[PDB]
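Here's the structure, in structure tokens; my notes come after.
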Amino acid sequence: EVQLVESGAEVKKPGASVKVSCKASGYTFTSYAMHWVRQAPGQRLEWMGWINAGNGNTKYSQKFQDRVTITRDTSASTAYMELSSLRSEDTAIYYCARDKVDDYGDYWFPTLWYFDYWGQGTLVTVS
Amino acid sequence: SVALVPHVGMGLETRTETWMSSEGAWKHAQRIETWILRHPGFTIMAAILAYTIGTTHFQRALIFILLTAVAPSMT
Amino acid sequence: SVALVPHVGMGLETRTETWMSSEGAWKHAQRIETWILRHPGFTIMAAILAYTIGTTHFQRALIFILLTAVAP
Amino acid sequence: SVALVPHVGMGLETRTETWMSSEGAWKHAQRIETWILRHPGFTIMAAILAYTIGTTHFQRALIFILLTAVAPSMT
Amino acid sequence: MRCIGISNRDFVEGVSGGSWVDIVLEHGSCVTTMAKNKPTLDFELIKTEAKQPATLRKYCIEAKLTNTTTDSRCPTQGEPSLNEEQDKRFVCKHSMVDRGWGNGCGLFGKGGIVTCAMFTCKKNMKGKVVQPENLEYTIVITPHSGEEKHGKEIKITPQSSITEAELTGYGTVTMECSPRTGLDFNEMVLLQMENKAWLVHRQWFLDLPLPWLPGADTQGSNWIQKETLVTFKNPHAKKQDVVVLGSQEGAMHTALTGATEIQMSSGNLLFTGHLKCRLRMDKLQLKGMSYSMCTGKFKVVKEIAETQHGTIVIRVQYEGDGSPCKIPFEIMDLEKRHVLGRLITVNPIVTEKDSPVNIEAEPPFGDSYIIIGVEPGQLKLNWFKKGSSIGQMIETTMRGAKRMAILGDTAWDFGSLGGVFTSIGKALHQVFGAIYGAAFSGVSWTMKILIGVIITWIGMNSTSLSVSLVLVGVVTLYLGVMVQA
Amino acid sequence: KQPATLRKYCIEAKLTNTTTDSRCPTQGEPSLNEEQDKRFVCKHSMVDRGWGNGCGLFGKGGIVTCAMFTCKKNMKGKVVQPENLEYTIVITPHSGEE
Amino acid sequence: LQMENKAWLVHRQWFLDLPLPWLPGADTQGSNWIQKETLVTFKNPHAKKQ
Amino acid sequence: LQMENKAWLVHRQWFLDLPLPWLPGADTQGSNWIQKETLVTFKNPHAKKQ
Amino acid sequence: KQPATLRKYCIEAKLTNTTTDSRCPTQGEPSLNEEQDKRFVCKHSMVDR
Amino acid sequence: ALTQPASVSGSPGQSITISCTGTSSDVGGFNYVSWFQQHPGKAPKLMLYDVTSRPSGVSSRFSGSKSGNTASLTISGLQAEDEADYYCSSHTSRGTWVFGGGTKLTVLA
Ligand SMILES: *[C@@H]1O[C@H](CO)[C@@H](O)[C@H](O)[C@H]1NC(C)=O
Ligand SMILES: *[C@@H]1O[C@H](CO)[C@@H](O)[C@H](O)[C@H]1NC(C)=O
């Protein structure tokens, strides 16, 4: 069973740095890309970026180019998303999602069933 | 210019008449005729050339008229 | 140097494209043409020599092409 | 690259030694001879071709030498 | 289904008495197999892995020189010697220098000179050699099940090339390869740069004009022929100085024109080369090939799609009862007289009522009609095929010719059934290719067109010899125009 | 004296901000915002697209890759007018002094 | 011609014939390189992407 | 092919060969006009001013 | 249904913010910090100095 | 962004259609149209991807279709448990992902 485990809720002052942990189990972690999606309470979903566990390359959204950095850990089968210089508007629920990479170990063209599973979500509040 | 490259006579015409069918079917003939009217000396020179290079009368006529067709295309 | 001894034509090419395939396909022709354009006197001399040496037009052209190619 | 178009024999040579005089006079001889010793079949084929197209011995040898020079240079 | 959409798609038809067919797989390409009463399968080479790399030698591409030394001798006293002259970390050269009274020597003439400088290399490229037995081949086996991990991944090793894949519902497929004959890594080396890697010929790698170390050297003082990376100058024949040449990584990149780029960042990942494998389909079955018709209706969810190979892919949904049941699919004409096409996805089946199913077919040239279901509510489609039989045949013959050119003797094994004609052709083209390789090894393509022109002219001007020569010439011209480098 | 810089050729270059956009067949070439600036090197090639690539039709689809060009080490080509030349000549007679 | 620390006295026309990215000496931005294709390469291993 | 208020049905190839500035249809920036020299003229009357 | 825009051809244009500068003979070509942007149109012609 | 109605309500057991509209680069050019259901206080779950097809374990009541630049979701036989937040997501041409504004589904009592 593919299980996505996320850390607990955290509170931090504005301008701090928060690193969230999403641990995925029950499958070959290296052969799947990992996604991070946020959502303000009562608002729409926003997509930050993805990390390909096969190579570790990075790709982020245009808005989150200079502030969002995401890394991956093969040994723990987890991906860490780190956001620095928090702002009062950053208070949102953060979901980690998974999808399949191609047979060549790359994540150029996403599969049709992307975002196949989702994590329970991490709640971050900014003072 | 785009007018030098008309999308004309390439097999897409149907029962419907085209965008410049009636009044537009005859730009080139009248243009060449007017050019011949206002540029005769070139026409006589072309006739002399057709008389020279051509061996038979048909070749002479072909060269002459079709040279006169070439002539206003570039100008 | 190494650029004078490229790893080309050694019987290892497969369906996937090589490293300098597209760019290196015609780069030699481009440099030869530029050299011809910028050194016309040698080309004329090579044409004269090919005309004199050979006995038939085919080898006139062949010697001309070979002399032109080797010079760069 | 730039290595395929060296500034060789363009009429700017002076009394002072240039950057690659000594072995720059010879990387030709070395790389062509290594190519010959590494691909003898092409040299043989060039030999038959020179014997075929060439009518006199001089032009046979000339064609053979030019083909042998092209073979590494064209690469 | 994984092969749908790839322009490098190939078809093999028919089986022998032993239900065995020779097939060839290339990286980036895949093939589709079908027979009279066998399921349709897709074969794709996706990954080549080498576990144990051995460093052959290290080529230095940037170097730095320090501790420059100089010793001079008066004329007619031989050449000077320094204790770093034996110390082969120090590159040294002997030149001749004018000497006289103003130079502090009592004689006039050609004086000896020697200069040495410590050779230190900053960064270098590694050439890794791998034994053939350390190769891993990954093959995906996906059947045309019509489903929207779909295939099965199997691994091929040179020591154990005998394997089979258990397909759910299709039984078992036996696929035995022979990687010893695909690519000869005994003469190949995996050149590796700072972050990019190339697969180049070992012999061409050994004779590169760069300073090098034995593959096992670690301290970094055993450099051979450092003179190719440093230079000495005598501008006025009065004093020699030694300076380093520039970085050769760009020059090396220019030197790898015909090389094939590979991956060595997270292992020896190779996406190049071919694989001639022996396929046995004795024990393949069709999923639910005994179920009855789907008497209900259908509706298309995704309309007609044209590939680059003249086939059609359709996803359809069933709403009737009796699931699971067989899908009535057949390529009929307008008045329903004669069968016109065949099913690439043999035996389309509805596994689950609400599950969409993908179907493949190969319509003939001209008007084509797809029949779905049975009356009432039968679906009839109206796709037209653009092309002609002559065009298909000629495209097939260029594809076969280029495949022959790029696979050599192994191309006869793409669809060989063990026939005597196939064996004769394989042997003849094998000896011809051996002669060709011994003839045109290490030669540029434009030179190949030149040679082809020469022999074509000779054959035209000189009758059995003439026809043989013109055939050889046109073959050489085709090889030259078709080869990338 | 006073050489005039004419042309600088680059040697060291680095590529960043690589972007590719997913163009289907028969719908024209793709387009990126960064090709508006000439710092980004771009090239059009032809790639396969299909249902597995989430496009309505199977065929050869377009693609473009753009990455910013940043040069690190470059050369300099300077031209000096002949009027600025400086020639120094030493003159010594045979005085016989050591 | 000027390198990092070396220099060469070479012909002007051959210098303009160098197939490398370049800017005219009058430029100050130092970022609008010309024929940058000569120093980069796009690769299509399987016609899937570049 | 669509004008401001009129339209025509034309062959694709001849449309691709029109010598006018163009963006791809998928483009939304509205500024990268290709081959703009077809709608501009650079006048150099007497070799003193362009 | 669902027509797809194959190509958008410009047919009306205007030229504004025109700029130019010259360079003395035999020092290459004149430069602006500006040609880096492709929305502008630029041409190199030859003038007396 | 993606434009869609903020709230859609319908009687239980009825058939309703909700539409998500984007641009030509993401919706009108690609088949990467997927719909996700967001329960209040629970993680989002996909109800539909590749609108021509449906996922596994999802009832056939949900049906999706794309008409040009507008992608539509149709639900047959509205029920009480269908009251949840629904999001439309599309993988744009530039390689990133865009999401809709979120829709609240209301079932009359
Ligand atoms: C390119 O990426 C770097 C790092 O992600 C960023 O700092 C830079 O702004 C990007 N380039 C542009 C033009 O935004
Ligand atoms: C063009 O000139 C106008 C003058 O009013 C100015 O407002 C505008 O910013 C200029 N545009 C550019 C790109 O410099």
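For the structure tokens, the naming scheme is as follows: chains receive sequential letters (A, B, ...) according to their order of presentation, residues are indexed from 1 within each chain, and ligands are indexed from 1 in presentation order.
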
Give me the residues within 8 Å of residue F:6 as number ranges by chain, counting only C-alpha atoms and dropping any in the same chain fewer than 5 places off.
F: 76-79; G: 24-26; I: 27-28

Give me a file of those residues, with N, CA, C and O atoms, as an mmCIF file, in the first residue's frame.
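Written file, part_5.cif:
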```
data_model
loop_
_atom_site.group_PDB
_atom_site.id
_atom_site.type_symbol
_atom_site.label_atom_id
_atom_site.label_comp_id
_atom_site.auth_asym_id
_atom_site.auth_seq_id
_atom_site.Cartn_x
_atom_site.Cartn_y
_atom_site.Cartn_z
ATOM 1 N N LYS F 76 40.035 39.162 -25.768
ATOM 2 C CA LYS F 76 39.893 40.530 -26.243
ATOM 3 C C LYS F 76 40.723 40.717 -27.502
ATOM 4 O O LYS F 76 41.898 40.341 -27.537
ATOM 5 N N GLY F 77 40.107 41.292 -28.530
ATOM 6 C CA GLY F 77 40.814 41.626 -29.749
ATOM 7 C C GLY F 77 40.939 43.124 -29.919
ATOM 8 O O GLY F 77 39.944 43.813 -30.160
ATOM 9 N N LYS F 78 42.156 43.643 -29.795
ATOM 10 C CA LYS F 78 42.401 45.076 -29.824
ATOM 11 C C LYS F 78 43.178 45.452 -31.077
ATOM 12 O O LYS F 78 44.079 44.725 -31.505
ATOM 13 N N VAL F 79 42.819 46.592 -31.660
ATOM 14 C CA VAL F 79 43.473 47.121 -32.850
ATOM 15 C C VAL F 79 44.099 48.458 -32.491
ATOM 16 O O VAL F 79 43.433 49.328 -31.918
ATOM 17 N N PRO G 24 30.857 43.174 -30.438
ATOM 18 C CA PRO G 24 31.756 44.259 -30.837
ATOM 19 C C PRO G 24 32.308 44.976 -29.615
ATOM 20 O O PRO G 24 31.669 45.042 -28.563
ATOM 21 N N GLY G 25 33.519 45.512 -29.769
ATOM 22 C CA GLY G 25 34.218 46.114 -28.645
ATOM 23 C C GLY G 25 33.504 47.297 -28.028
ATOM 24 O O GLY G 25 33.771 47.636 -26.870
ATOM 25 N N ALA G 26 32.598 47.935 -28.769
ATOM 26 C CA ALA G 26 31.890 49.098 -28.249
ATOM 27 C C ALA G 26 30.855 48.740 -27.192
ATOM 28 O O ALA G 26 30.378 49.639 -26.493
ATOM 29 N N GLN I 27 36.743 49.919 -36.143
ATOM 30 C CA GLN I 27 36.592 49.425 -34.779
ATOM 31 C C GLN I 27 35.353 48.548 -34.626
ATOM 32 O O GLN I 27 34.670 48.602 -33.601
ATOM 33 N N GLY I 28 35.052 47.737 -35.636
ATOM 34 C CA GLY I 28 33.956 46.795 -35.538
ATOM 35 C C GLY I 28 32.612 47.382 -35.913
ATOM 36 O O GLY I 28 32.481 48.042 -36.948
#
```

For ligand 2, collect every residue having any atom at a distance of at most 12 Å from a ligand atom (counting only C-alpha atoms and all ligand atoms); output as JSON, numbers by chain.
{"I": [15, 16, 17, 18, 19, 33, 34, 35, 37, 38, 39, 40]}

Quick check: residues of chain F within 8 Å of chain J, only C-alpha atoms, returned as an NGL selection string.
:F and (19-24 or 32 or 54-56)

Could you list, as number ranges by chain, the residues of chain J having an atom within 12 Å of chain A when counting only C-alpha atoms?
J: 1-4, 6, 30-56, 85-104

Ligand 1: which residues are within 9 Å, counting only C-alpha atoms and all ligand atoms? Reply as a list in words.
residues 59, 60, 62, 65, 66 and 67 of chain A; 16, 17, 18, 34, 67 and 68 of chain F

Can I get the selected residues back with C-alpha atoms, as a PDB file, in the first residue's frame?
```
ATOM      1  CA  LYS A  59      11.733  22.467 -11.185  1.00  0.00           C
ATOM      2  CA  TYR A  60       9.586  25.097  -9.467  1.00  0.00           C
ATOM      3  CA  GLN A  62       7.544  30.871 -11.838  1.00  0.00           C
ATOM      4  CA  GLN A  65      11.509  30.495  -8.277  1.00  0.00           C
ATOM      5  CA  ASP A  66      13.607  32.512  -5.817  1.00  0.00           C
ATOM      6  CA  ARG A  67      12.116  31.297  -2.516  1.00  0.00           C
TER       7      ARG A  67
ATOM      8  CA  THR F  16      20.668  28.171 -16.819  1.00  0.00           C
ATOM      9  CA  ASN F  17      16.876  28.493 -16.768  1.00  0.00           C
ATOM     10  CA  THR F  18      16.308  25.724 -19.309  1.00  0.00           C
ATOM     11  CA  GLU F  34      12.334  34.076 -22.604  1.00  0.00           C
ATOM     12  CA  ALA F  67      18.453  28.641 -21.712  1.00  0.00           C
ATOM     13  CA  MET F  68      20.195  31.860 -20.735  1.00  0.00           C
TER      14      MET F  68
END
```

Neighbour list for residue G:1 as a ChimeraX atom specification, cut-off 10 Å, only C-alpha atoms, skip fewer than 4 positions in-chain
/F:5-9,75-79 /G:6-12,15

With N, CA and C atoms retained, export the selected residues as a short mmCIF file (atom, residue, chain, number, x, y, z; two decimals), in the first residue's frame.
```
data_model
loop_
_atom_site.label_atom_id
_atom_site.label_comp_id
_atom_site.auth_asym_id
_atom_site.auth_seq_id
_atom_site.Cartn_x
_atom_site.Cartn_y
_atom_site.Cartn_z
N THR F 5 39.59 48.21 -28.40
CA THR F 5 38.96 46.89 -28.37
C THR F 5 37.96 46.77 -29.51
N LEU F 6 38.06 45.69 -30.27
CA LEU F 6 37.22 45.49 -31.45
C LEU F 6 36.16 44.42 -31.23
N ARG F 7 36.56 43.24 -30.76
CA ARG F 7 35.63 42.14 -30.63
C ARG F 7 36.12 41.20 -29.54
N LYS F 8 35.21 40.76 -28.68
CA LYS F 8 35.53 39.85 -27.59
C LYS F 8 34.87 38.51 -27.86
N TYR F 9 35.67 37.45 -27.94
CA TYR F 9 35.18 36.10 -28.14
C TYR F 9 35.12 35.38 -26.80
N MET F 75 38.11 36.37 -24.44
CA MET F 75 39.31 37.01 -24.95
C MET F 75 38.99 38.42 -25.41
N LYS F 76 40.04 39.16 -25.77
CA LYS F 76 39.89 40.53 -26.24
C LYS F 76 40.72 40.72 -27.50
N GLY F 77 40.11 41.29 -28.53
CA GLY F 77 40.81 41.63 -29.75
C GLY F 77 40.94 43.12 -29.92
N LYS F 78 42.16 43.64 -29.80
CA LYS F 78 42.40 45.08 -29.82
C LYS F 78 43.18 45.45 -31.08
N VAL F 79 42.82 46.59 -31.66
CA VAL F 79 43.47 47.12 -32.85
C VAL F 79 44.10 48.46 -32.49
N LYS G 6 48.32 35.59 -21.61
CA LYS G 6 49.10 35.59 -22.83
C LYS G 6 48.45 36.50 -23.87
N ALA G 7 49.16 36.70 -24.97
CA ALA G 7 48.65 37.51 -26.07
C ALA G 7 49.34 37.08 -27.35
N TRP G 8 48.66 37.28 -28.47
CA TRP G 8 49.20 36.92 -29.77
C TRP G 8 48.96 38.05 -30.76
N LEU G 9 49.93 38.24 -31.64
CA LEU G 9 49.83 39.18 -32.74
C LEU G 9 49.39 38.40 -33.97
N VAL G 10 48.10 38.49 -34.31
CA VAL G 10 47.51 37.66 -35.35
C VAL G 10 46.71 38.55 -36.30
N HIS G 11 46.42 38.01 -37.48
CA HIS G 11 45.73 38.76 -38.52
C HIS G 11 44.32 39.16 -38.09
N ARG G 12 43.88 40.34 -38.53
CA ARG G 12 42.55 40.82 -38.14
C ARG G 12 41.45 40.01 -38.82
N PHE G 15 40.91 36.77 -37.39
CA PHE G 15 40.30 36.98 -36.08
C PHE G 15 38.79 37.16 -36.19
#
```

Which polymer residues have any atom within 9 Å of an atom of residue H:50, counting only C-alpha atoms, with same-chain residues fewer than 3 positions away left out, as a ChimeraX atom specification?
/H:42-45,47 /I:20,44-47

So that I can check the secondary structure, give me every residue of stretch 25-60 of chain F assigned strand (DSSP E or B) by backbone DSSP, as a PyMOL selection string.
chain F and resi 37+40-49+59-60

Write to file, as a JSON list (two decimals), in the first residue's frame, the residues of the selection just made, with N, CA and C atoms.
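Writing done, so here's out.json:
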```
[["chain", "number", "residue", "atom", "x", "y", "z"],
["F", 37, "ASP", "N", 14.16, 37.84, -25.20],
["F", 37, "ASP", "CA", 15.50, 38.36, -24.96],
["F", 37, "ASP", "C", 16.52, 37.44, -25.61],
["F", 40, "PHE", "N", 18.87, 34.21, -24.25],
["F", 40, "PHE", "CA", 18.45, 32.82, -24.25],
["F", 40, "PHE", "C", 18.67, 32.23, -25.63],
["F", 41, "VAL", "N", 19.45, 31.15, -25.69],
["F", 41, "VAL", "CA", 19.64, 30.42, -26.94],
["F", 41, "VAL", "C", 18.49, 29.44, -27.10],
["F", 42, "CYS", "N", 17.86, 29.46, -28.28],
["F", 42, "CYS", "CA", 16.70, 28.63, -28.54],
["F", 42, "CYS", "C", 16.84, 27.96, -29.90],
["F", 43, "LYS", "N", 16.21, 26.79, -30.03],
["F", 43, "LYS", "CA", 16.22, 26.07, -31.29],
["F", 43, "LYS", "C", 14.95, 25.23, -31.38],
["F", 44, "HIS", "N", 14.40, 25.14, -32.59],
["F", 44, "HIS", "CA", 13.18, 24.39, -32.85],
["F", 44, "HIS", "C", 13.55, 23.01, -33.39],
["F", 45, "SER", "N", 12.99, 21.97, -32.78],
["F", 45, "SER", "CA", 13.14, 20.61, -33.28],
["F", 45, "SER", "C", 11.78, 19.93, -33.27],
["F", 46, "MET", "N", 11.76, 18.67, -33.69],
["F", 46, "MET", "CA", 10.52, 17.97, -33.96],
["F", 46, "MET", "C", 10.52, 16.70, -33.11],
["F", 47, "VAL", "N", 9.48, 16.51, -32.29],
["F", 47, "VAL", "CA", 9.44, 15.39, -31.37],
["F", 47, "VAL", "C", 8.10, 14.67, -31.48],
["F", 48, "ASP", "N", 8.07, 13.43, -30.99],
["F", 48, "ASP", "CA", 6.88, 12.61, -31.07],
["F", 48, "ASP", "C", 5.89, 12.98, -29.97],
["F", 49, "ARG", "N", 4.61, 13.03, -30.33],
["F", 49, "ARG", "CA", 3.53, 13.30, -29.39],
["F", 49, "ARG", "C", 2.42, 12.29, -29.61],
["F", 59, "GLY", "N", 1.47, 11.98, -33.82],
["F", 59, "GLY", "CA", 2.28, 12.55, -34.87],
["F", 59, "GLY", "C", 3.54, 13.16, -34.30],
["F", 60, "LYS", "N", 4.22, 13.91, -35.16],
["F", 60, "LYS", "CA", 5.47, 14.56, -34.81],
["F", 60, "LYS", "C", 5.16, 15.98, -34.35]]
```

Find the distance between atom CA of residue H:13 and atom CA of residue F:62 and write it in Å to one decimal.
17.2 Å

Under the rule of at most 12 Å, produce a per-residue listing of chain A near chain E: chain, number, name, the closest pair of atoms, and the distance in Å, as a Markdown table, using only C-alpha atoms.
```
| residue | atom | partner | partner_atom | distance |
| --- | --- | --- | --- | --- |
| A:27 | CA | E:149 | CA | 11.6 |
| A:28 | CA | E:149 | CA | 11.6 |
| A:30 | CA | E:266 | CA | 11.4 |
| A:31 | CA | E:149 | CA | 11.1 |
| A:32 | CA | E:149 | CA | 11.8 |
| A:53 | CA | E:266 | CA | 11.3 |
| A:54 | CA | E:266 | CA | 8.5 |
| A:55 | CA | E:266 | CA | 7.4 |
| A:56 | CA | E:266 | CA | 10.2 |
| A:100 | CA | E:149 | CA | 9.6 |
| A:101 | CA | E:149 | CA | 11.2 |
| A:102 | CA | E:46 | CA | 10.1 |
| A:103 | CA | E:46 | CA | 6.7 |
| A:104 | CA | E:46 | CA | 6.5 |
| A:105 | CA | E:47 | CA | 9.5 |
| A:111 | CA | E:148 | CA | 11.3 |
| A:112 | CA | E:148 | CA | 9.2 |
| A:113 | CA | E:148 | CA | 9.8 |
```

Reference chain B, mobile chain D, all Cα atoms fitted, written as a short mmCIF file (atom, residue, chain, number, x, y, z; two decimals) with C-alpha atoms, in the first residue's frame:
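Output below, filename part.cif:
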```
data_model
loop_
_atom_site.label_atom_id
_atom_site.label_comp_id
_atom_site.auth_asym_id
_atom_site.auth_seq_id
_atom_site.Cartn_x
_atom_site.Cartn_y
_atom_site.Cartn_z
CA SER D 1 4.74 41.62 -51.37
CA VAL D 2 1.86 39.22 -50.78
CA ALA D 3 0.17 40.64 -53.89
CA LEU D 4 2.93 39.08 -56.00
CA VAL D 5 2.06 35.59 -54.70
CA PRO D 6 -1.74 35.30 -54.98
CA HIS D 7 -3.51 32.05 -54.14
CA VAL D 8 -4.34 31.31 -57.77
CA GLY D 9 -4.94 27.89 -59.29
CA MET D 10 -3.78 25.80 -56.34
CA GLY D 11 -6.56 23.23 -56.74
CA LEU D 12 -8.98 24.50 -54.07
CA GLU D 13 -11.54 26.01 -56.45
CA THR D 14 -15.16 24.99 -55.91
CA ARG D 15 -18.58 25.65 -57.46
CA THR D 16 -19.05 28.86 -55.47
CA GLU D 17 -17.56 32.02 -56.95
CA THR D 18 -14.19 32.90 -55.46
CA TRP D 19 -13.11 36.30 -54.13
CA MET D 20 -11.76 37.74 -57.43
CA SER D 21 -13.16 35.51 -60.17
CA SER D 22 -14.45 38.02 -62.73
CA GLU D 23 -11.74 40.67 -63.05
CA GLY D 24 -9.13 38.48 -61.37
CA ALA D 25 -9.17 36.36 -64.50
CA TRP D 26 -8.07 39.44 -66.44
CA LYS D 27 -5.86 41.92 -64.52
CA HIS D 28 -3.19 40.00 -66.43
CA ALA D 29 -4.61 40.87 -69.85
CA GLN D 30 -5.15 44.51 -68.86
CA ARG D 31 -1.76 45.16 -67.28
CA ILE D 32 0.24 43.38 -69.99
CA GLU D 33 -1.69 45.19 -72.74
CA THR D 34 -1.19 48.55 -71.01
CA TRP D 35 2.53 47.80 -70.69
CA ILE D 36 2.66 46.90 -74.39
CA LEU D 37 0.90 50.11 -75.41
CA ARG D 38 3.13 52.16 -73.08
CA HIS D 39 6.54 50.66 -73.98
CA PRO D 40 6.37 49.63 -77.65
CA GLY D 41 10.15 49.74 -78.11
CA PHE D 42 10.65 46.70 -75.89
CA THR D 43 7.97 44.87 -77.86
CA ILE D 44 9.80 45.69 -81.09
CA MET D 45 13.13 44.52 -79.66
CA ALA D 46 11.47 41.30 -78.51
CA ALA D 47 10.12 40.89 -82.04
CA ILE D 48 13.60 41.08 -83.57
CA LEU D 49 14.93 38.74 -80.88
CA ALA D 50 12.19 36.21 -81.60
CA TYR D 51 12.90 36.46 -85.33
CA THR D 52 16.60 35.91 -84.59
CA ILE D 53 16.77 33.03 -82.10
CA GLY D 54 13.58 31.34 -83.31
CA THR D 55 14.09 29.03 -86.29
CA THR D 56 10.50 27.98 -87.00
CA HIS D 57 7.55 30.34 -86.86
CA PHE D 58 5.98 28.55 -83.89
CA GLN D 59 9.03 28.92 -81.66
CA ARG D 60 9.49 32.52 -82.84
CA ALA D 61 5.96 33.37 -81.71
CA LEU D 62 6.44 31.39 -78.50
CA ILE D 63 9.62 33.26 -77.56
CA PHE D 64 8.00 36.59 -78.44
CA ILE D 65 4.97 35.86 -76.25
CA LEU D 66 7.10 34.67 -73.33
CA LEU D 67 9.32 37.77 -73.50
CA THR D 68 6.28 40.05 -73.69
CA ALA D 69 4.81 38.27 -70.66
CA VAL D 70 8.05 38.49 -68.66
CA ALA D 71 8.53 42.20 -69.35
CA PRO D 72 5.78 43.43 -66.96
CA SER D 73 5.84 40.37 -64.70
CA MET D 74 9.58 40.61 -64.04
CA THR D 75 9.09 44.22 -62.93
#
```

Counting only C-alpha atoms, which residues in chain E sit no more than 9 Å from chain D? For each one, give the nearest pair of atoms and the distance in Å, sorted by chain then residue number, as a Markdown table.
```
| residue | atom | partner | partner_atom | distance |
| --- | --- | --- | --- | --- |
| E:231 | CA | D:20 | CA | 7.9 |
| E:232 | CA | D:19 | CA | 8.7 |
| E:233 | CA | D:19 | CA | 7.1 |
| E:234 | CA | D:17 | CA | 6.1 |
| E:235 | CA | D:17 | CA | 4.7 |
| E:236 | CA | D:16 | CA | 5.7 |
| E:237 | CA | D:17 | CA | 8.4 |
| E:251 | CA | D:3 | CA | 7.8 |
| E:254 | CA | D:1 | CA | 6.7 |
| E:435 | CA | D:41 | CA | 8.9 |
| E:436 | CA | D:41 | CA | 9.0 |
| E:437 | CA | D:41 | CA | 8.6 |
| E:438 | CA | D:41 | CA | 5.5 |
| E:439 | CA | D:41 | CA | 4.3 |
| E:440 | CA | D:42 | CA | 5.6 |
| E:441 | CA | D:39 | CA | 6.1 |
| E:442 | CA | D:39 | CA | 7.0 |
| E:443 | CA | D:71 | CA | 6.2 |
| E:444 | CA | D:75 | CA | 4.7 |
| E:445 | CA | D:75 | CA | 8.1 |
| E:446 | CA | D:74 | CA | 7.5 |
| E:447 | CA | D:74 | CA | 6.8 |
| E:454 | CA | D:49 | CA | 8.2 |
| E:455 | CA | D:49 | CA | 8.4 |
| E:458 | CA | D:53 | CA | 8.0 |
```

Which distance in Å separates atom CA of residue J:76 and atom CA of residue E:357, to one decimal?
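Between atom CA of residue J:76 and atom CA of residue E:357 the gap works out to 22.0 Å.
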
Non-local contacts of stretch 36-50 of chain C (10 Å; only C-alpha atoms; under 4 positions in same chain excluded) as a ChimeraX atom specification:
/C:30-32,54-55,57,59-69,71-72 /G:13-14

Residues near residue I:1, cut-off 12 Å, only C-alpha atoms, skip fewer than 6 positions along chain, as number ranges by chain
J: 28, 66-69

Deliver the residues from the most recent selection as a file, using N, CA and C atoms, as an mmCIF file, in the first residue's frame.
```cif
data_model
loop_
_atom_site.group_PDB
_atom_site.id
_atom_site.type_symbol
_atom_site.label_atom_id
_atom_site.label_comp_id
_atom_site.auth_asym_id
_atom_site.auth_seq_id
_atom_site.Cartn_x
_atom_site.Cartn_y
_atom_site.Cartn_z
ATOM 1 N N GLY J 28 -7.262 23.864 -23.840
ATOM 2 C CA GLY J 28 -7.672 23.640 -25.213
ATOM 3 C C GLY J 28 -6.669 22.918 -26.082
ATOM 4 N N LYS J 66 -14.498 17.530 -22.844
ATOM 5 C CA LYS J 66 -13.835 18.782 -23.179
ATOM 6 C C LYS J 66 -14.396 19.299 -24.495
ATOM 7 N N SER J 67 -14.839 20.553 -24.496
ATOM 8 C CA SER J 67 -15.361 21.212 -25.690
ATOM 9 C C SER J 67 -14.511 22.452 -25.942
ATOM 10 N N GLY J 68 -13.523 22.323 -26.823
ATOM 11 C CA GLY J 68 -12.648 23.431 -27.142
ATOM 12 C C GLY J 68 -11.761 23.850 -25.989
ATOM 13 N N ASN J 69 -11.937 25.083 -25.521
ATOM 14 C CA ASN J 69 -11.146 25.630 -24.429
ATOM 15 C C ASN J 69 -11.839 25.440 -23.083
#
```

Write out as an NGL selection string every residue belonging to chain E that has an atom at most 9 Å from any atom of chain C, counting only C-alpha atoms.
:E and (26-29 or 183 or 198 or 200-201 or 204-205 or 208-210 or 228 or 248 or 251-261 or 271-274 or 403 or 406-407 or 437 or 440-446 or 454 or 457 or 483-485)

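Using only C-alpha atoms, the chain I residues found within 8 Å of chain H amount to residues 4, 5, 6, 7, 8, 9, 10, 11, 13, 38, 39, 41, 43, 45, 46, 47, 48 and 49 of chain I.
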